[PDB]
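What follows is the content of query.csv (CSV, C-alpha atoms and all ligand atoms).
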```
chain,number,residue,atom,x,y,z
A,4,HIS,CA,8.0,-8.5,22.4
A,5,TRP,CA,6.3,-11.0,20.2
A,6,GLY,CA,7.4,-14.5,19.7
A,7,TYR,CA,6.2,-18.1,19.9
A,8,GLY,CA,5.9,-18.6,23.6
A,9,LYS,CA,2.9,-19.0,25.9
A,10,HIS,CA,2.9,-15.3,26.9
A,11,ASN,CA,3.9,-13.7,23.6
A,12,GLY,CA,2.8,-16.2,20.9
A,13,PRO,CA,0.3,-16.0,18.1
A,14,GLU,CA,-2.8,-15.6,20.3
A,15,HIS,CA,-1.2,-12.4,21.8
A,16,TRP,CA,-0.1,-10.8,18.6
A,17,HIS,CA,-3.3,-8.9,18.0
A,18,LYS,CA,-2.7,-6.6,20.9
A,19,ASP,CA,0.3,-4.9,19.2
A,20,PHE,CA,-0.8,-5.8,15.7
A,21,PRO,CA,-4.6,-5.5,15.4
A,22,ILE,CA,-4.4,-6.6,11.7
A,23,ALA,CA,-3.9,-10.1,13.2
A,24,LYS,CA,-7.7,-10.3,13.2
A,25,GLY,CA,-7.9,-8.9,9.6
A,26,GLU,CA,-9.7,-10.0,6.5
A,27,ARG,CA,-6.8,-11.6,4.6
A,28,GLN,CA,-4.5,-13.2,7.2
A,29,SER,CA,-2.1,-16.1,6.6
A,30,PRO,CA,-1.6,-19.0,6.9
A,31,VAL,CA,-4.8,-20.9,6.1
A,32,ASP,CA,-5.9,-24.4,5.8
A,33,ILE,CA,-6.1,-25.5,2.1
A,34,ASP,CA,-9.3,-27.5,1.7
A,35,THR,CA,-8.3,-29.4,-1.4
A,36,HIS,CA,-11.9,-30.3,-2.3
A,37,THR,CA,-13.1,-26.7,-2.1
A,38,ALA,CA,-10.2,-25.1,-4.0
A,39,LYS,CA,-11.3,-24.5,-7.5
A,40,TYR,CA,-9.2,-25.2,-10.6
A,41,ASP,CA,-8.7,-21.9,-12.5
A,42,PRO,CA,-7.7,-22.6,-16.1
A,43,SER,CA,-6.8,-19.0,-16.6
A,44,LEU,CA,-3.9,-19.3,-14.2
A,45,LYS,CA,-0.6,-19.5,-16.1
A,46,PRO,CA,2.3,-21.8,-15.3
A,47,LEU,CA,4.7,-20.4,-12.7
A,48,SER,CA,7.9,-19.0,-14.0
A,49,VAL,CA,10.7,-19.5,-11.4
A,50,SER,CA,13.9,-18.0,-12.9
A,51,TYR,CA,16.7,-18.6,-10.3
A,52,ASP,CA,19.7,-19.3,-12.6
A,53,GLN,CA,21.4,-15.9,-11.7
A,54,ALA,CA,20.5,-15.9,-8.0
A,55,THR,CA,23.2,-14.4,-5.8
A,56,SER,CA,22.9,-15.4,-2.2
A,57,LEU,CA,24.9,-13.3,0.3
A,58,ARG,CA,24.3,-14.1,3.9
A,59,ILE,CA,22.4,-16.3,6.4
A,60,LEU,CA,21.0,-14.6,9.6
A,61,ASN,CA,19.4,-15.9,12.7
A,62,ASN,CA,16.9,-13.1,13.4
A,63,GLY,CA,15.5,-14.7,16.6
A,64,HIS,CA,12.4,-16.1,14.8
A,65,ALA,CA,13.9,-18.1,12.0
A,66,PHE,CA,17.0,-18.1,9.9
A,67,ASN,CA,17.0,-16.1,6.6
A,68,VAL,CA,19.1,-16.8,3.6
A,69,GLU,CA,19.4,-13.3,2.0
A,70,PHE,CA,20.0,-12.5,-1.7
A,71,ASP,CA,21.2,-9.6,-3.7
A,72,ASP,CA,18.0,-8.0,-4.9
A,73,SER,CA,19.5,-4.8,-6.4
A,74,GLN,CA,19.0,-6.2,-9.9
A,75,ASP,CA,16.6,-8.7,-11.6
A,76,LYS,CA,18.7,-11.8,-10.9
A,77,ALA,CA,16.2,-14.3,-9.4
A,78,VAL,CA,12.6,-13.6,-10.2
A,79,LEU,CA,9.2,-15.1,-9.9
A,80,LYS,CA,6.6,-14.3,-12.6
A,81,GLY,CA,3.5,-15.8,-14.2
A,82,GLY,CA,1.0,-17.9,-12.3
A,83,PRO,CA,-1.4,-15.5,-10.7
A,84,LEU,CA,1.1,-12.6,-10.8
A,85,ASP,CA,1.1,-9.5,-12.8
A,86,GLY,CA,4.7,-8.2,-13.3
A,87,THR,CA,8.0,-9.3,-11.9
A,88,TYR,CA,8.8,-10.2,-8.3
A,89,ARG,CA,12.5,-10.3,-7.1
A,90,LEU,CA,13.8,-12.9,-4.6
A,91,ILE,CA,15.0,-11.2,-1.4
A,92,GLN,CA,15.3,-14.1,1.1
A,93,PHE,CA,14.1,-17.5,2.1
A,94,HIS,CA,13.5,-19.1,5.5
A,95,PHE,CA,11.6,-21.9,7.1
A,96,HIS,CA,9.1,-22.6,9.8
A,97,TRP,CA,9.3,-26.0,11.6
A,98,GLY,CA,8.2,-28.0,14.6
A,99,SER,CA,9.5,-29.7,17.7
A,100,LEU,CA,8.2,-33.0,16.3
A,101,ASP,CA,7.8,-34.3,12.7
A,102,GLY,CA,4.0,-34.1,13.0
A,103,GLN,CA,3.9,-30.3,13.1
A,104,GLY,CA,5.8,-27.3,11.8
A,105,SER,CA,4.1,-26.1,8.7
A,106,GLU,CA,2.0,-22.9,8.6
A,107,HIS,CA,-0.3,-23.8,5.8
A,108,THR,CA,-2.1,-27.1,6.2
A,109,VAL,CA,-3.7,-29.3,3.6
A,110,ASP,CA,-7.0,-30.8,4.6
A,111,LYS,CA,-5.8,-30.1,8.1
A,112,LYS,CA,-2.6,-32.0,7.6
A,113,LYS,CA,0.5,-30.4,9.1
A,114,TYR,CA,3.9,-31.0,7.5
A,115,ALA,CA,7.2,-31.1,9.4
A,116,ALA,CA,8.2,-27.7,8.0
A,117,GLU,CA,7.5,-25.1,5.4
A,118,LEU,CA,9.9,-23.1,3.2
A,119,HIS,CA,9.0,-19.5,2.2
A,120,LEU,CA,10.8,-18.0,-0.8
A,121,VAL,CA,10.0,-14.3,-0.4
A,122,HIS,CA,9.8,-12.0,-3.5
A,123,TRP,CA,8.8,-8.3,-3.9
A,124,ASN,CA,7.0,-6.6,-6.8
A,125,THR,CA,9.6,-4.6,-8.7
A,127,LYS,CA,7.1,-1.9,-9.6
A,128,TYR,CA,7.3,-0.7,-6.0
A,129,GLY,CA,11.1,-0.1,-6.1
A,130,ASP,CA,12.1,-1.6,-2.8
A,131,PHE,CA,10.8,-4.2,-0.3
A,132,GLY,CA,9.8,-1.7,2.3
A,133,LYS,CA,7.5,0.1,-0.1
A,134,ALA,CA,6.2,-3.2,-1.5
A,135,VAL,CA,5.0,-4.4,1.9
A,136,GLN,CA,2.6,-1.4,2.0
A,137,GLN,CA,0.8,-2.6,-1.1
A,138,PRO,CA,-1.9,-5.3,-1.5
A,139,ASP,CA,0.1,-6.9,-4.3
A,140,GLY,CA,3.6,-6.1,-2.9
A,141,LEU,CA,4.9,-9.6,-2.2
A,142,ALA,CA,4.7,-13.1,-3.7
A,143,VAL,CA,5.7,-15.9,-1.4
A,144,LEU,CA,6.4,-19.3,-2.8
A,145,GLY,CA,5.6,-21.8,0.0
A,146,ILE,CA,6.9,-25.4,-0.2
A,147,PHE,CA,6.1,-28.1,2.3
A,148,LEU,CA,8.8,-30.3,3.9
A,149,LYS,CA,8.1,-33.9,4.9
A,150,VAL,CA,10.6,-36.2,6.6
A,151,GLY,CA,12.0,-39.1,4.6
A,152,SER,CA,14.9,-39.0,2.2
A,153,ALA,CA,17.5,-36.2,2.5
A,154,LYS,CA,17.3,-33.2,0.2
A,155,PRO,CA,20.9,-32.8,-1.1
A,156,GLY,CA,20.4,-29.2,-2.0
A,157,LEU,CA,19.5,-28.3,1.6
A,158,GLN,CA,22.6,-29.7,3.2
A,159,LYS,CA,24.7,-26.6,2.7
A,160,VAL,CA,22.1,-24.7,4.7
A,161,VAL,CA,22.1,-27.3,7.4
A,162,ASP,CA,25.8,-27.3,7.8
A,163,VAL,CA,26.2,-23.6,8.4
A,164,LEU,CA,23.6,-23.5,11.2
A,165,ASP,CA,26.1,-24.2,13.9
A,166,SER,CA,27.7,-20.9,13.1
A,167,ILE,CA,24.4,-18.9,13.6
A,168,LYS,CA,23.1,-20.7,16.6
A,169,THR,CA,21.8,-17.6,18.4
A,170,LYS,CA,19.8,-14.5,17.6
A,171,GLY,CA,21.7,-11.8,15.8
A,172,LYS,CA,24.4,-14.1,14.4
A,173,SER,CA,25.1,-14.1,10.7
A,174,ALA,CA,27.5,-15.8,8.4
A,175,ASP,CA,28.6,-15.3,4.8
A,176,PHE,CA,26.5,-17.6,2.6
A,177,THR,CA,27.4,-17.0,-1.1
A,178,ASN,CA,26.8,-19.2,-4.1
A,179,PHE,CA,23.8,-21.1,-2.8
A,180,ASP,CA,21.5,-22.2,-5.5
A,181,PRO,CA,17.8,-22.2,-4.3
A,182,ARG,CA,16.8,-24.3,-7.3
A,183,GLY,CA,18.0,-27.3,-5.2
A,184,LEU,CA,15.1,-26.7,-2.8
A,185,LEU,CA,12.3,-27.0,-5.4
A,186,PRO,CA,10.1,-30.1,-6.0
A,187,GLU,CA,9.6,-31.6,-9.5
A,188,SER,CA,6.2,-30.1,-10.1
A,189,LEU,CA,5.2,-26.5,-9.9
A,190,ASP,CA,1.5,-27.2,-9.5
A,191,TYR,CA,0.2,-24.8,-6.9
A,192,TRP,CA,-2.7,-23.3,-4.9
A,193,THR,CA,-2.9,-19.5,-4.6
A,194,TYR,CA,-4.8,-17.0,-2.5
A,195,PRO,CA,-4.4,-13.4,-1.2
A,196,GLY,CA,-2.9,-13.2,2.3
A,197,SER,CA,-0.4,-11.7,4.7
A,198,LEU,CA,2.9,-12.0,6.4
A,199,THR,CA,2.8,-14.8,8.9
A,200,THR,CA,4.7,-12.9,11.6
A,201,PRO,CA,4.3,-9.3,12.9
A,202,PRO,CA,3.7,-6.9,11.3
A,203,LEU,CA,1.3,-9.3,9.6
A,204,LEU,CA,0.8,-6.9,6.7
A,205,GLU,CA,-1.8,-7.9,4.1
A,206,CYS,CA,0.6,-7.6,1.1
A,207,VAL,CA,1.2,-11.2,0.0
A,208,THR,CA,0.0,-13.3,-3.0
A,209,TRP,CA,0.6,-16.8,-1.6
A,210,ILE,CA,1.6,-19.5,-4.0
A,211,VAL,CA,1.8,-22.8,-2.2
A,212,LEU,CA,3.2,-25.8,-4.1
A,213,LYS,CA,1.2,-29.1,-3.9
A,214,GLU,CA,4.3,-31.3,-4.1
A,215,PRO,CA,6.3,-31.4,-0.8
A,216,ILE,CA,10.1,-31.9,-0.8
A,217,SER,CA,11.5,-34.6,1.4
A,218,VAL,CA,14.2,-33.8,3.9
A,219,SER,CA,15.9,-36.3,6.3
A,220,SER,CA,15.3,-36.6,10.0
A,221,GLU,CA,18.9,-35.5,10.5
A,222,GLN,CA,18.4,-32.4,8.5
A,223,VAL,CA,15.4,-31.2,10.4
A,224,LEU,CA,17.0,-32.2,13.7
A,225,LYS,CA,19.7,-29.6,13.0
A,226,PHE,CA,17.0,-26.9,12.5
A,227,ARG,CA,15.9,-27.8,16.0
A,228,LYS,CA,19.3,-27.1,17.5
A,229,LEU,CA,19.0,-23.4,16.7
A,230,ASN,CA,18.2,-20.9,19.5
A,231,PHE,CA,15.6,-18.1,19.7
A,232,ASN,CA,17.7,-16.5,22.4
A,233,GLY,CA,20.9,-14.5,22.0
A,234,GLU,CA,24.4,-15.7,23.0
A,235,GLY,CA,24.8,-15.7,26.8
A,236,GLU,CA,21.1,-15.9,27.4
A,237,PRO,CA,19.1,-18.9,28.7
A,238,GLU,CA,18.8,-21.5,25.9
A,239,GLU,CA,15.4,-21.7,24.2
A,240,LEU,CA,15.4,-24.0,21.3
A,241,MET,CA,14.1,-22.5,18.0
A,242,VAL,CA,11.2,-24.9,17.4
A,243,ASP,CA,7.5,-24.5,16.7
A,244,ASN,CA,8.1,-21.1,15.0
A,245,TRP,CA,4.8,-21.4,13.1
A,246,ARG,CA,1.6,-19.5,13.2
A,247,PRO,CA,-1.5,-21.7,13.0
A,248,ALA,CA,-4.2,-21.5,10.3
A,249,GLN,CA,-6.3,-18.4,10.3
A,250,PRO,CA,-9.9,-17.9,9.2
A,251,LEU,CA,-10.3,-17.9,5.4
A,252,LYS,CA,-13.1,-15.3,5.6
A,253,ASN,CA,-14.1,-13.9,2.2
A,254,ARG,CA,-11.4,-15.6,0.1
A,255,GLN,CA,-11.2,-18.4,-2.4
A,256,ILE,CA,-8.2,-20.6,-2.9
A,257,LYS,CA,-7.5,-21.3,-6.6
A,258,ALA,CA,-5.7,-24.4,-7.9
A,259,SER,CA,-3.4,-24.3,-11.0
A,260,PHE,CA,-4.2,-28.0,-11.7
A,261,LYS,CA,-7.1,-30.4,-12.0
A,301,LIG,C1,9.0,-13.1,8.7
A,301,LIG,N1,8.2,-13.6,7.6
A,301,LIG,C2,7.5,-15.0,7.7
A,301,LIG,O1,7.7,-15.6,8.7
A,301,LIG,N2,6.8,-15.6,6.6
A,301,LIG,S1,6.4,-14.8,5.3
A,301,LIG,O2,5.0,-14.4,5.5
A,301,LIG,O3,6.7,-15.5,4.1
A,301,LIG,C3,7.3,-13.4,5.2
A,301,LIG,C4,7.3,-12.5,4.1
A,301,LIG,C5,7.9,-11.3,4.0
A,301,LIG,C6,8.6,-10.8,5.1
A,301,LIG,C7,8.7,-11.6,6.3
A,301,LIG,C8,8.0,-12.8,6.3
A,302,ZN,ZN,7.6,-17.5,6.6
```

Show me, as structure tokens, the structure contained in the file I just sent.
Amino acid sequence: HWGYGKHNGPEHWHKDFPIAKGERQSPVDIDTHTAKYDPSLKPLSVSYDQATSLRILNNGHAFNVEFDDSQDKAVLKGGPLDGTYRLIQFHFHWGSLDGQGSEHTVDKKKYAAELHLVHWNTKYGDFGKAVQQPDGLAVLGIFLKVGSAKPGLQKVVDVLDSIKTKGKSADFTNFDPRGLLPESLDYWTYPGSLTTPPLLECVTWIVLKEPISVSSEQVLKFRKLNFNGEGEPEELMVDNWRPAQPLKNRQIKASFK
């Protein structure tokens, strides 16, 4: 099945998932000089004060911190969005080396990692219905660079030992995702897709311009995770990123001058 290896990685995905060669695939390179300021874009509204985290899962591709999305508790609104989008999970993509790991790039620059906060449009009732709609999801993407530690990430880092291998999960309550946000909410936005199979074209991407800084020790602990299950040969969970895909007939809009 699909993964990030030589024989099942991104260049192979189109055989099982032909939408991989579609018209609104993600990620993309953000050419900062070609992105156009759109003064009609509103400020983002990130309302995470009542977020209820539940669990952290190694799914064999990344680790997901999952939230209770049975009520409007942590929501994203405003910006390019119409309506209300509920936080369901976040996860990261990262590299084997600090010079790679992000999915989106900025003027071809690759960051060490990228955080995806995944939200679904409440007008579709559930996540599974939302992913079938062109405006079903809103993903807030945040770049990670290596420098000073991010204090609000440490609780995530310290539980990873307990979910080393595929299929392991651990209770992960009371985690505040506000501790993962940079100061500025300036962003770029474009219509795109999930970045792993099934690669559905259901995402409004909102990518923040300001990266967060994490320490080398923090990202090193991401790289100790495993793609494999327990009792299988160890394959380090690294380079779980899809490279930039053709922009095709899309414009990237900027919220800022
Ligand atoms: C699995 N996966 C990703 O890797 N990156 S993402 O496009 O933000 C995403 C969004 C929704 C569901 C799954 C997702
Ligand atoms: Zn992702």

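Minimum atom-to-atom distance to residue 256 in chain A, evaluated using all atoms listed in the file, belongs to A:195 out of A:237, A:81, A:195, A:171.
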
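Here the question is which of A:107, A:246, A:257, A:170 gets nearest to residue 8 in chain A using all atoms listed in the file, and that residue is A:246.
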
Original post:
Pick from A:129, A:140, A:82, A:233: nearest to ligand LIG 301 (chain A), with all atoms listed in the file counted?
Top reply: A:140

**OP:** Residues within 7 Å of ligand LIG 301 (chain A), counting all atoms listed in the file: report them as a list in words.
**Re:** residues 119, 120, 121, 143, 197, 198, 199 and 200 of chain A

Subject >> Surrounding residues as a ChimeraX atom specification, ligand ZN 302 (chain A), max 12 Å, all atoms listed in the file >> reply: /A:29-30,64-68,92-97,104-107,116-122,142-147,197-201,203,207,209,211,244-247

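Closest approach to residue 6 in chain A among A:232, A:48, A:220, A:178 is made by A:232 (distances from all atoms listed in the file).
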
Subject >> Separation of CA of residue 151 in chain A from CA of residue 191 in chain A, in Å and rounded to one decimal >> reply: 21.8 Å

Subject >> One-decimal distance in Å that lies between CA of residue 91 in chain A and CA of residue 166 in chain A >> reply: 21.6 Å

If we count all atoms listed in the file and set the cut-off at 9 Å, which residues sit around residue 161 in chain A, ignoring sequence neighbours fewer than 2 positions away in its own chain? Please answer as a PDB file with C-alpha atoms, in the coordinates of the input.
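Here's the written file part.pdb:
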```pdb
ATOM      1  CA  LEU A 157      19.500 -28.300   1.600  1.00  0.00           C
ATOM      2  CA  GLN A 158      22.600 -29.700   3.200  1.00  0.00           C
ATOM      3  CA  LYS A 159      24.700 -26.600   2.700  1.00  0.00           C
ATOM      4  CA  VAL A 163      26.200 -23.600   8.400  1.00  0.00           C
ATOM      5  CA  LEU A 164      23.600 -23.500  11.200  1.00  0.00           C
ATOM      6  CA  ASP A 165      26.100 -24.200  13.900  1.00  0.00           C
ATOM      7  CA  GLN A 222      18.400 -32.400   8.500  1.00  0.00           C
ATOM      8  CA  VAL A 223      15.400 -31.200  10.400  1.00  0.00           C
ATOM      9  CA  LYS A 225      19.700 -29.600  13.000  1.00  0.00           C
ATOM     10  CA  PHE A 226      17.000 -26.900  12.500  1.00  0.00           C
TER      11      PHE A 226
END
```

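Ranking A:7, A:214, A:58, A:76 by their shortest atom-to-atom distance to residue 186 in chain A, with only C-alpha atoms included, puts A:214 first.
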
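Of the residues under consideration (A:176, A:40, A:141, A:55), A:141 shows the shortest atom-to-atom contact distance to residue 204 in chain A when counting all atoms listed in the file.
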
Would you fill the gaps in range 206-225 of chain A so it has N, CA, C and O atoms, then print it as a CSV table (one decimal), keeping the file's coordinate frame?
```csv
chain,number,residue,atom,x,y,z
A,206,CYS,N,-0.1,-8.0,2.3
A,206,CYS,CA,0.6,-7.6,1.1
A,206,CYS,C,1.0,-8.8,0.3
A,206,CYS,O,1.8,-8.6,-0.6
A,207,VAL,N,0.6,-10.0,0.6
A,207,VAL,CA,1.2,-11.2,0.0
A,207,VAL,C,0.2,-11.9,-1.0
A,207,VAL,O,-0.9,-12.3,-0.6
A,208,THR,N,0.7,-12.2,-2.2
A,208,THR,CA,0.0,-13.3,-3.0
A,208,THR,C,0.7,-14.6,-2.7
A,208,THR,O,1.9,-14.7,-2.9
A,209,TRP,N,0.0,-15.5,-2.0
A,209,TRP,CA,0.6,-16.8,-1.6
A,209,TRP,C,0.5,-17.7,-2.8
A,209,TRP,O,-0.6,-17.9,-3.4
A,210,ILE,N,1.6,-18.5,-3.0
A,210,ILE,CA,1.6,-19.5,-4.0
A,210,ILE,C,2.2,-20.7,-3.3
A,210,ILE,O,3.4,-20.7,-3.0
A,211,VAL,N,1.4,-21.7,-3.0
A,211,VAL,CA,1.8,-22.8,-2.2
A,211,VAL,C,1.8,-24.1,-3.1
A,211,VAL,O,0.8,-24.4,-3.7
A,212,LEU,N,3.0,-24.7,-3.2
A,212,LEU,CA,3.2,-25.8,-4.1
A,212,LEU,C,2.5,-27.1,-3.5
A,212,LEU,O,2.6,-27.3,-2.3
A,213,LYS,N,1.9,-27.9,-4.4
A,213,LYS,CA,1.2,-29.1,-3.9
A,213,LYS,C,2.2,-30.2,-3.6
A,213,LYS,O,2.0,-30.9,-2.6
A,214,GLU,N,3.3,-30.3,-4.3
A,214,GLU,CA,4.3,-31.3,-4.1
A,214,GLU,C,5.3,-30.9,-2.9
A,214,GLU,O,6.0,-29.9,-3.1
A,215,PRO,N,5.3,-31.7,-1.8
A,215,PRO,CA,6.3,-31.4,-0.8
A,215,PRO,C,7.7,-31.8,-1.3
A,215,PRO,O,7.8,-32.6,-2.2
A,216,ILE,N,8.7,-31.3,-0.7
A,216,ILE,CA,10.1,-31.9,-0.8
A,216,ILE,C,10.3,-32.7,0.4
A,216,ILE,O,9.7,-32.5,1.5
A,217,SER,N,11.1,-33.7,0.3
A,217,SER,CA,11.5,-34.6,1.4
A,217,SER,C,12.9,-34.2,1.9
A,217,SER,O,13.8,-33.9,1.1
A,218,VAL,N,13.0,-34.1,3.2
A,218,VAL,CA,14.2,-33.8,3.9
A,218,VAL,C,14.4,-35.0,4.9
A,218,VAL,O,13.5,-35.6,5.3
A,219,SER,N,15.7,-35.2,5.4
A,219,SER,CA,15.9,-36.3,6.3
A,219,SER,C,15.6,-35.8,7.7
A,219,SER,O,15.6,-34.7,8.1
A,220,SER,N,15.4,-36.8,8.6
A,220,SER,CA,15.3,-36.6,10.0
A,220,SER,C,16.5,-35.8,10.5
A,220,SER,O,16.4,-34.9,11.4
A,221,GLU,N,17.7,-36.2,10.1
A,221,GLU,CA,18.9,-35.5,10.5
A,221,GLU,C,18.9,-34.1,10.1
A,221,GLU,O,19.4,-33.2,10.9
A,222,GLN,N,18.4,-33.8,8.9
A,222,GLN,CA,18.4,-32.4,8.5
A,222,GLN,C,17.5,-31.5,9.4
A,222,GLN,O,17.9,-30.5,9.8
A,223,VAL,N,16.3,-32.0,9.6
A,223,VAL,CA,15.4,-31.2,10.4
A,223,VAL,C,15.8,-31.2,11.9
A,223,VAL,O,15.6,-30.2,12.6
A,224,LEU,N,16.4,-32.2,12.4
A,224,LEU,CA,17.0,-32.2,13.7
A,224,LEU,C,18.0,-31.1,13.9
A,224,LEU,O,18.0,-30.5,15.0
A,225,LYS,N,18.7,-30.7,12.9
A,225,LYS,CA,19.7,-29.6,13.0
A,225,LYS,C,19.0,-28.3,13.0
A,225,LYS,O,19.4,-27.4,13.6
```
